[PDB]
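Below, chain A is the first sequence line, B the second, and so on; all start at residue 1. When reading the values below, keep in mind they use all heavy atoms of this one structure, side chains included, and skip hydrogens, waters and symmetry mates.
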Amino acid sequence: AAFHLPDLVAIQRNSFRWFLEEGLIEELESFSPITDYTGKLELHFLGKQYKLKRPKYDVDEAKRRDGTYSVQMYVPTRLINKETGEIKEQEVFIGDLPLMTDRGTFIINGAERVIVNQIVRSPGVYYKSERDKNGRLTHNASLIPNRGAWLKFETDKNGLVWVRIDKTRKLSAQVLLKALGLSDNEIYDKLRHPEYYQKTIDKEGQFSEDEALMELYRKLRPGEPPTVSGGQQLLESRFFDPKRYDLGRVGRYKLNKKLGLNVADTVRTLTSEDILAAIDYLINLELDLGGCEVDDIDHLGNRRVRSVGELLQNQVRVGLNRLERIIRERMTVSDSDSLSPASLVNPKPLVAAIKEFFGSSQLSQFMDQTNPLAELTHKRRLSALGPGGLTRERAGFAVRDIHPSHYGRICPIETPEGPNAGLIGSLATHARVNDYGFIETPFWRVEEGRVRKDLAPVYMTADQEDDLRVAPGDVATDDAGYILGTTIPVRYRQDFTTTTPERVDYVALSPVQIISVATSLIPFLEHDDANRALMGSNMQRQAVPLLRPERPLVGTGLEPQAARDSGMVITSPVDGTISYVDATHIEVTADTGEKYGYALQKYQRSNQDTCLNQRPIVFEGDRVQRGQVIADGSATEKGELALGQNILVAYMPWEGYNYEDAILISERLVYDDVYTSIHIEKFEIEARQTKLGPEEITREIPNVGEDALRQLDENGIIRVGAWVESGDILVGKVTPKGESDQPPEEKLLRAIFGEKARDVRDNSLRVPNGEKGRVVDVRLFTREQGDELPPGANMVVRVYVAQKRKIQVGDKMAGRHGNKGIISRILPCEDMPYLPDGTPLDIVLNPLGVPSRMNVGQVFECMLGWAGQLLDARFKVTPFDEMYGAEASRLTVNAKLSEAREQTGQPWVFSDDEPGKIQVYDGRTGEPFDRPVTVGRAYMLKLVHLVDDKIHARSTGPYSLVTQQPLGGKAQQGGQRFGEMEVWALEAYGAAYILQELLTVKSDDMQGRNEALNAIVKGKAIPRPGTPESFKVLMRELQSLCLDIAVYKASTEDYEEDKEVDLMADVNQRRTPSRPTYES
Amino acid sequence: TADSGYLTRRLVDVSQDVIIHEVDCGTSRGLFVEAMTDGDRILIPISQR
Amino acid sequence: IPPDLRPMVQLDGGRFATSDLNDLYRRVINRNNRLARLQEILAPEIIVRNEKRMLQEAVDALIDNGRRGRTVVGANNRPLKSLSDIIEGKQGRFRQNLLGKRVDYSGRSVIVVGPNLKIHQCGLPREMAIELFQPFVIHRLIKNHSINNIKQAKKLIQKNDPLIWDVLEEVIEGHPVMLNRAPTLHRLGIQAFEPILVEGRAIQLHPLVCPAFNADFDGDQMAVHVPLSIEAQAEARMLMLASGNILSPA
Amino acid sequence: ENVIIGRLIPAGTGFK
Amino acid sequence: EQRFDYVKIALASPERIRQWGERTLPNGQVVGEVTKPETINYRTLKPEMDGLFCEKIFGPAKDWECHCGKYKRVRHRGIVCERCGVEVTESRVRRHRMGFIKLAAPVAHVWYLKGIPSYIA
DNA sequence: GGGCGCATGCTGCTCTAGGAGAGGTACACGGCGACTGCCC
DNA sequence: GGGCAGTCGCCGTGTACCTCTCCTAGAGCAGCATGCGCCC
RNA sequence: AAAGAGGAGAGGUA
Ligand SMILES: Nc1ccn([C@@H]2O[C@H](COP(=O)(O)OP(=O)(O)OP(=O)(O)O)[C@@H](O)[C@H]2O)c(=O)n1
Ligand SMILES: [Mg+2]
Ligand SMILES: [Zn+2]
């Protein structure tokens, strides 16, 4: 009974299942007969068999060694001759296909990747009307296929019908109708207003088949000599060849639905009846029949969703088309016998196409794996960009707006806040996609005024419900039966109206049917602003998993499903007992007697260097049931999502530490290990083979002390369990290199005498600056071990380092209601305000920011959490709760607080004059504050923006090759850019020497840099600058364009002419090295 | 936000060479200044201008 | 053009990097050589005109790609970069390398609120300060507390001896620093302060200067610059010090 | 123009 | 005082273009014309002899070392090795020196043919 | 059975080229200057 | 002759910073290591 | 003595 929310990851699984079941078989059957140019020897593919091979590596092994999770495809073949007999048949290997993980992702080159869904136009026919600057209403029609060339029809201001093929000039429709082989009698039988076409016939003249073909050739191919057979060939290759034109099932279905035809579903090419019906519809629309309508292109009934299987089919098509030409060329060129089918197939283009699609495409994306919510959200995204979609620069403005047809199908809140805002969306919670590519939503039917809540809800599409009166999900019923009230709001013909409770047709299932998963986890959301809801949804996906997570006291009811539908919770499948529990293994024995075993992940790494860990919940000998949780992941409590913690909060100002959205916290949050997280990083090294000689991984590192080799072992690899700081040696690598930078006399004398020594260089692997932690895993891969190393390499080493991080000053914290801040101070617990119980507070927030940001749901949440903690109740509330009353939330909170006060027996926990306020004392002096303040329990999170990954400084480093300016980037010791706005500010101030020193000495004056550095070191004055390098580069670039540009010196006296100055010459006899150095 | 940036770049480019170079030019020409009103209400007084 | 402005680059292990000017120059040279060879052996004068046309098109593509006819396309369907594309637009030479630059002796970090400060003071973390003031510290280590040479001072700094902090505490006394926030809409977006060393990894800012910068303490970051010469220090002290900006220029 | 070639701007302290 | 006073731009004649990228040697020969679409050798990473990266036209690729590896050191102040023609100096000269190509047939500059005003027309 | 000779798939060196579309098309929006039609 | 009016093509569209991946081209020709057949 | 070369996509923060 009732309604159960279905799986949230059904799109990807359904798409891949459809691909495997039908797409490959249908695709392999569209090119099976391959012929040579002249005669016999046809090649055939039996595509229905298509066997698959078991993968060689599992998911964990593939991720360990940076591999790919894939299978191999084998398809039987056959080569006949029919002239001398001797049929041949064997099995052909066509390539390898990546496999889908049961979580719905792909493993490519050791990385998790996702494929997003695309929103595109639907194939079919569309009509439009437009007005000129002088009136003169005009009509157009456009026919769009799944793949091929479009068709266009237009009406003129005089009453003439024109045809525009692809991108050619206008054409009379008579030539196109006659070239198809239609007489005037059959043309007049399909037009309902034949006197309208007479004008076109008269003003454009009559044509025969051959004359029409000649005219078609003339206009389509200007310059070439016309020919009847030629024009016939263009027509056939344009609109009738089933290799360059495709309608699709959806296209044929839409054409039949719109134009009212009954053509069979197996025809996927244009016919004459379709063109005649389109012209008839255009004519009838012009003459205002009243039963013909124009089309809206933003309507969700005219748009389609494309998923992974449909996108893979096209790449398979391109690869097979590329392979077929090679097959034919090899079949014709060779003139020998024993041409085996296995020797006629070159599976290079297919493999290349599949690899390019899965590795370097726009819709294949690096998956977001900060926490389970982000991973779940990434899989349900809809994108309007990509091949066949739109472009950021060429996108208009109607595509970034909200349409009335989006309700219940696309969330109107979750969207990016950057340059691509309004172009990427999220699927709604209750939405689903049918077998044509359109989105449906469910409703309940009503009869005479009673909601039938036990009658198998009806799924409807955007165009099906345009002619019915549909009510929202907040309509209140007496006993789940009759609709109360006398004026019910409804939607009719894409308009909000009101009607009596007897003309209603359907009702939505839930009040939260309009939003997405992330937005559905915010309680008391109807008391906030929409922008703050968007910010809260965005910030909920940036939380870090904690050491010991906690589920919220005040929830919404969707946490268990969100935790379950992402794939880290293990549940008992039978009704038995527990036989064996261990930190890495759980066994379940049922009542019958069979056993089930599970292994658990332990301290693994995610895409964003977070932690994935599983722990048991049950004990030995416990009695379990079906569906009970026995283990959980890193960011989940016992079956529920848990991202933050519940802490004590008061709303009042401190001594300036809450000034502008800053946060003051206590020291208990540090030494009690609250908000402490674990991070894991990976380092890699390889041993190549240079032309001079192979490099070696060894321990004998030239010119290094003994204290730098304590932790290495035999080979020269760090030991597991060691503590490393910056500069430590992880893997010792030495390169045999013969650099020539010394006088050859000593080298030749040593070579002749002998005494072979170390002529090598040291470039070993060291940990970067600002890193420390424990070594937890070392993996070594070599040859002679069945390992697939990159070409030109002999050994690969991987090291894993783990770290624990606590909260500190400069870290970002946030809640679920759009409130964010930065920690500015940590206080000892004897200095914080305390309660009449004597308990110090945990965090102090400024009230000034509550009414300015217009997010007052946090006060409701805190006041409910206070009572929840005092009662041990853990309430759950559904949004839009005012349909049962007028002050539902306030009354609920007040009742809970009064009940808690009565139960605990402490009269100070609730007050009647100030319902939400308590008295608070000062921990420094012991004096109470003037007025009571607001105290509660808040659910807070810690984000991934930590100050440890943001501090950077530079004095001198690398420079660019061309412009000789400092490099840019944190990862390569880069400098900060001084843009033109800062130059404007410095010019407005009047400081000229600062600007001049910034522009020349500190950026690219190759000689002045060293002079300045050495003058500073020696304590003398800084000499005057010269000319920057970029000006000389610009002068050379301008001269390369054959322009005579030069600098001149004015003539002081006499008739002597001005003299050209050589800028690229040395003035002073001093050295100019590439980088500043300390001389002596 | 691109429109305002384009406008301010054009404004900066049109008048980047106006610099005080002279002390006095000896001119009797000038402009007339009064208050900014809308009907009988003063939006901007004459003392501020 | 000189060869050092179009470098070849020796990454890729065994292959080489791609530069677009070299391809156009090679095409021009190839067409010229073919035309000369054809002209030498007295070819029929219907094949020579073809080579002349292709040479003209190649030179046109080298000068300005896509100005007249079709555009030359590299490996993927991506047009090449000609000589006129280097000096043309927002990413050209003029607006990227001449009117703005990257600089040395600069830093960047997150900002927190510091009360109990003076309006002309700021708080600088020690990790940033030890890097931004290196030559002055080296000079003071050589002059006072006679060490020996530069190498010993660098070893002392790297080893993190406690003396370098005592030296740095008095190197920075009296030396102004410049602070900037990313959108600089007017001249009050850059200002000069006097630094004091603090423990942590965030910069402390006086609450009374926030509205001029338009900054709040919920995620913003700031950039720090250090003057070098005596004239620059005098200008920073007497023209841009944050305690002398009382009224608005507008 | 003095910015592009790297000279003292004719305004402020670089007036003369 | 100042090194220069003003900048001037004008049209370029073929004589000036030839003068930009032509230098003589104490042998009687002239260098500066590129006649091969070759950059560097694949086996040993050294430039070719008459291509786009030649050392006789643009300069040495290593400081105070000629191409044939027979003259070295700094005591020479601008002598030229008489086996390959490479001058012995620093490699910074590779940032200034220019070359030129002589065309078999004349061609038209596209800036003066396709413009908002057409000067040839 | 076994060593040797030949066919053959695999793969790295080389060079050369470099043209012209195949079709990835139909796909933003405003301001200003330079040709061309069809009439008075 | 004298145009108006219409159409087509080129120019332009804020600032700083952080992380992840893939690619420097592609086909012909010859060297080589392997598999398989052959004669004793 | 040595040490990073550019380019193209995708996603974020003020
Ligand atoms: N496209 C953008 C977005 C943001 N900003 C800068 O970032 C600021 C945004 O500040 P933010 O903290 O996001 O919001 P506020 O308006 O300050 O509001 P509040 O802090 O109260 O949320 C802008 O004022 C501006 O300085 C910008 O320059 N360009
Ligand atoms: Mg803010
Ligand atoms: Zn030599």
Side-chain angles (χ1 to χ4, degrees), chain A residues 108-109 111 113 142 144 147-150 152 164 166-167 244 318 343 356 359-366 368 378 385 387-391 393-397 416-418 420 538 542 607-609 739 741-742 761 763 791 812 944-945 949-950 952 957-958 960-962 967-973 976-977 979-982 1075, chain B residues 1-9, chain C residues 7-12 14-20 23 26-27 30-31 50 54 57-58 70 72-78 81 89-90 108 180-185 215-216 218-221 223, chain E residues 37 42-43 116-117:
Chain A
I108 313 283
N109 291 357
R113 295 199 91 115
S142 87
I144 288 142
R147 192 214 345 143
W150 299 10
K152 192 100 190 329
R164 220 182 274 283
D166 291 50
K167 218 47 154 293
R244 333 177 92 250
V318 176
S343 69
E356 172 128 38
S360 325
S361 169
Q362 288 199 33
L363 301 147
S364 195
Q365 288 177 21
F366 204 63
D368 200 6
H378 201 179
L385 311 117
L390 278 161
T391 325
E393 172 74 275
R394 207 177 254 261
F397 258 25
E417 49 298 311
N420 44 11
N538 270 3
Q542 280 152 27
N607 259 2
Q608 272 78 19
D609 292 340
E739 323 83 71
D741 214 355
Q742 274 299 294
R761 208 155 86 80
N763 56 349
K812 217 211 205 154
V944 274
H945 310 285
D949 311 312
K950 280 157 195 335
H952 180 56
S960 190
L961 261 164
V962 179
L967 276 187
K970 221 180 81 87
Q972 38 191 25
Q973 322 158 55
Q976 307 289 313
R977 199 190 144 78
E980 60 175 353
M981 299 198 102
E982 296 99 57
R1075 287 212 219 161
Chain B
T1 325
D3 315 351
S4 333
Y6 196 27
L7 181 73
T8 185
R9 209 179 101 84
Chain C
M8 206 69 275
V9 170
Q10 181 26 37
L11 191 284
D12 309 16
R15 303 140 309 158
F16 264 85
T18 305
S19 203
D20 284 353
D23 304 16
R26 284 206 274 96
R27 294 187 209 224
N30 271 331
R31 202 43 65 154
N50 234 46
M54 329 207 78
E57 296 210 317
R70 224 193 37 94
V72 174
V73 153
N76 165 310
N77 298 342
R78 228 195 47 260
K81 268 240 298 181
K90 169 139 74 141
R108 158 169 279 251
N180 175 45
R181 204 183 153 260
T184 308
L185 294 188
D216 42 33
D218 61 11
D220 309 25
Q221 296 185 43
Chain E
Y42 203 54
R43 203 153 288 247
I116 301 104

Student: When the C1'-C2'-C3'-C4' sign is the only test used, does the sugar of F/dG37 come out north or south?
Tutor: north

Student: Across the strands shown, which category fits A/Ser960 at heavy-atom distances under 4.0 angstrom: base, sugar-phosphate, nothing?
Tutor: sugar-phosphate

Student: Evaluate the stacking of F/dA20 against F/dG21, requiring that the six-membered ring centres lie under 5.5 Å apart and that the ring planes differ by under 30 degrees.
Tutor: yes

Student: Describe the nucleic acid contact of A/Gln742 in one word from base, sugar-phosphate, nothing, applying a heavy-atom distance below 4.0 Å.
Tutor: sugar-phosphate

Student: With heavy atoms under 4.0 Å as the rule, sort A/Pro958 into base, sugar-phosphate or nothing.
Tutor: base

Student: How far apart are the closest heavy atoms of C/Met8 and C/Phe16, and which atoms are they?
Tutor: CG-CD2, 3.7 Å

Student: For residues C/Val73 and C/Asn76, report the shortest heavy-atom separation together with the two atoms involved.
Tutor: CG1-O, 3.3 Å

Student: If you assign B/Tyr6 and C/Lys90 each to the DNA chain G nucleotide with the nearest heavy atom, which residue ends up on the more 5' nucleotide?
Tutor: B/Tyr6

Student: Going by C1'-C2'-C3'-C4' alone, is G/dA25 a north or a south sugar?
Tutor: south

Student: Does a Watson-Crick or G-U wobble pair link G/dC29 to F/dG12, with each of the two distances under 3.5 Å?
Tutor: yes

Student: Does A/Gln362 have a side-chain nitrogen or oxygen under 4.0 Å from the phosphate oxygens OP1 or OP2 of H/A10?
Tutor: yes

Student: Determine, using purine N1 to pyrimidine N3 plus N6-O4 or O6-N4 for Watson-Crick, or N1-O2 and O6-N3 for G-U wobble, whether F/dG21 and G/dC20 pair with both distances under 3.5 Å.
Tutor: no

Student: Given a cut-off of 3.5 Å on both distances, is F/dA20 paired to G/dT21 by Watson-Crick or G-U wobble rules?
Tutor: no

Student: What is the distance from CG of B/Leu7 to P of G/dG14, rounded to the nearest Å?
Tutor: 13 Å

Student: Is it true that F/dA28 and F/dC29 stack, with six-membered ring centres under 5.5 angstrom apart and planes under 30°?
Tutor: yes

Student: With the sugar-phosphate defined as primed atoms, P, OP1 and OP2, and the base as all remaining atoms, what B/S/- string results for nucleotides 24-33 of chain F, 5' to 3', for protein heavy atoms under 4.0 Å?
Tutor: BSBBB-----

Student: If a pair means Watson-Crick or G-U wobble with both distances below 3.5 Å, are G/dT24 and F/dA17 one?
Tutor: no

Student: Base, sugar-phosphate, or nothing for A/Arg244, non-hydrogen atoms under 4.0 angstrom?
Tutor: base

Student: At under 4.0 Å between heavy atoms, how does the protein contact nucleotides 9-20 of chain F? Give one character per nucleotide, 5' to 3', with B, S or -.
Tutor: ----SS--BSSS

Student: What's the verdict on side chain to side chain contact (heavy atoms under 4.5 Å, CB included) for A/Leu967 and A/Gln973, showing C-alpha distance, side-chain angles and the deciding distance?
Tutor: CA-CA 7 Å; A/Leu967 276 187; A/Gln973 322 158 55; over 6 Å; no

Student: Decide between north and south for G/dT21, the convention being positive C1'-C2'-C3'-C4' for north and negative for south.
Tutor: north

Student: Between E/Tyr42 and C/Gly14, what is the shortest heavy-atom contact and its length?
Tutor: OH-O, 3.2 Å

Student: Taking any heavy-atom pair under 4.0 Å as a contact, classify A/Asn109: base, sugar-phosphate, or nothing.
Tutor: sugar-phosphate

Student: G/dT21 and F/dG24: how far apart are their P atoms, nearest whole angstrom?
Tutor: 34 Å

Student: I want to check one thing: is the phosphate of H/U13, taken as OP1 and OP2, less than 4.0 Å away from some side-chain N or O of A/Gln542?
Tutor: yes

Student: Starting at the 5' end of RNA chain H and moving along, which residue's nearest nucleotide shows up first, A/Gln972 or A/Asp741?
Tutor: A/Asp741

Student: To check you understand the geometry: which heavy-atom pair defines the closest contact between A/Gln542 and A/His945, and what is its length?
Tutor: OE1-NE2, 3.5 Å

Student: Set out, in order, the CA-CA distance, both residues' side-chain angles and the distance that settles side chain to side chain contact (heavy atoms under 4.5 Å, CB included) for C/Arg108 and A/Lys970, then state yes or no.
Tutor: CA-CA 10 Å; C/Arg108 158 169 279 251; A/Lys970 221 180 81 87; over 6 Å; no

Student: Have a look at the sugar of G/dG12 and report north or south, taking a positive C1'-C2'-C3'-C4' as north and a negative one as south.
Tutor: north

Student: Quote, to the nearest angstrom, the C1' distance that separates H/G4 from G/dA27.
Tutor: 33 Å

Student: With heavy atoms under 4.0 Å as the rule, sort A/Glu417 into base, sugar-phosphate or nothing.
Tutor: sugar-phosphate

Student: Between H/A10 atom P and A/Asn420 atom CG, what is the distance in whole Å?
Tutor: 9 Å

Student: Between G/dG26 and H/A2, how far is it from one P atom to the other, in whole Å?
Tutor: 35 Å

Student: Apply the syn/anti split at 90° from 0 to F/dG23 and say which one it is.
Tutor: syn

Student: Around C/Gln10, counting heavy atoms of other residues, nucleotides and ligands shown, do more than 12 lie under 6.0 Å from its CD?
Tutor: yes

Student: Could you check whether A/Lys950 gets within reach of a base, just the sugar-phosphate, or nothing at all, counting any heavy atom under 4.0 Å?
Tutor: nothing

Student: Who pairs with C/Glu57 by side-chain hydrogen bond (donor to acceptor under 3.5 Å, both in side chains), at least two apart in sequence or on another chain?
Tutor: C/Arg53

Student: Starting the side chain at C-beta, find the nucleotide from H/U13, G/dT19, H/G4 nearest to A/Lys970.
Tutor: G/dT19

Student: Scan side-chain atoms only and decide if A/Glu417 and A/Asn538 contain a donor-acceptor pair under the 3.5 Å cut-off.
Tutor: yes

Student: Can you tell me if F/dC27 puckers north or south, using the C1'-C2'-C3'-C4' torsion sign?
Tutor: north

Student: Looking across every strand, which nucleic acid part, if any, lies under 4.0 Å from A/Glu739 by heavy atom: base, sugar-phosphate, or nothing?
Tutor: sugar-phosphate

Student: Just how far, in rounded Å, is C1' of G/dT24 from CE of C/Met8?
Tutor: 9 Å

Student: Pick the nucleotide of RNA chain H nearest each of C/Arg78 and A/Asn538; which residue has the one closer to the 5' end?
Tutor: C/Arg78

Student: Please step through side chain to side chain contact (heavy atoms under 4.5 Å, CB included) for the pair A/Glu982 and C/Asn180, ending with a clear verdict.
Tutor: CA-CA 9 Å; A/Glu982 296 99 57; C/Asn180 175 45; 3.9 Å; yes

Student: State the syn/anti category of H/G4 according to its glycosidic angle, syn meaning within 90° of 0.
Tutor: syn

Student: For A/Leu961, which contact category applies under a 4.0 Å heavy-atom criterion: base, sugar-phosphate, or nothing?
Tutor: sugar-phosphate

Student: What I want to check is whether G/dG26 forms a Watson-Crick or wobble pair with F/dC15, both distances being under 3.5 Å.
Tutor: yes

Student: Can you tell me if A/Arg394 uses its side chain to pair, donor with acceptor, with the backbone of A/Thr391 under 3.5 Å?
Tutor: no

Student: Which is it for C/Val72 and C/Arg27 under the side chain to side chain contact (heavy atoms under 4.5 Å, CB included) test, yes or no, and what are the steps along the way?
Tutor: CA-CA 11 Å; C/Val72 174; C/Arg27 294 187 209 224; 3.8 Å; yes

